[PDB]
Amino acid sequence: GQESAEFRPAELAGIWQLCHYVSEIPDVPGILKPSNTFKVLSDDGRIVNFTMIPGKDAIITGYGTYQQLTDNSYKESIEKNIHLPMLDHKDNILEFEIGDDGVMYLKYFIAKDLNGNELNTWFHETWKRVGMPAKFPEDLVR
C-alpha cells in the first residue's frame, strides 16, 4: 500500500545547512549566517541530522525517514534523536517554507519532554540549501 500522494511535491531533497542569526551588537537582531549542522533529505526518503565538531569526529544527532504530507508540511519519522530524545520512535510534523533563494524555514511543535513535563513549544529553524560553487577555492582546507 501507498502513503498518501495528495500533495504538490516540494523541493525538499537536498543537503541543508543550519543557520543562525548573528549580530555584533547586544540588543539588535542578527543577520543570517551558516552554522555547523547539516540535514540530509535524501532523494530516497531518508533523513539524517549531523553536526560538525571542529578538529573532531562529526556526529549524527538524529535519523529516520521522511514523507511530505501537504503542500507545506512533511513528517520525520524519527528512529532516534539524541538532540531531542522525546521524538524517539515518533513522527514530528514540520511546517516549511522554501524560498527561491535556497533558504528553508521550518517549524514544529513539541507537547511534552521525555520526563512528561508540559512543554507546548514551537521550535523554529532556518536552513540553507548546500550547492556547488562555480569555482573550487584554491586554498580549500579539505
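All residue numbers refer to positions in the sequence shown, first residue = 1.
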Checklist entry - Of the two stretches 53-61 and 37-45, which shows the higher Cα B-factor on average in the entry? => result 53-61
Item to check | 20-28 or 115-123, whichever carries the higher mean Cα B-factor | outcome: 115-123
Checklist outcome for this item: Looking only at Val103, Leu69, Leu87, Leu106, the Cα with the top B-factor belongs to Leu87
Item to check | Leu12 by Cα B-factor - lowest, middle or highest third of the modelled chain | outcome: middle
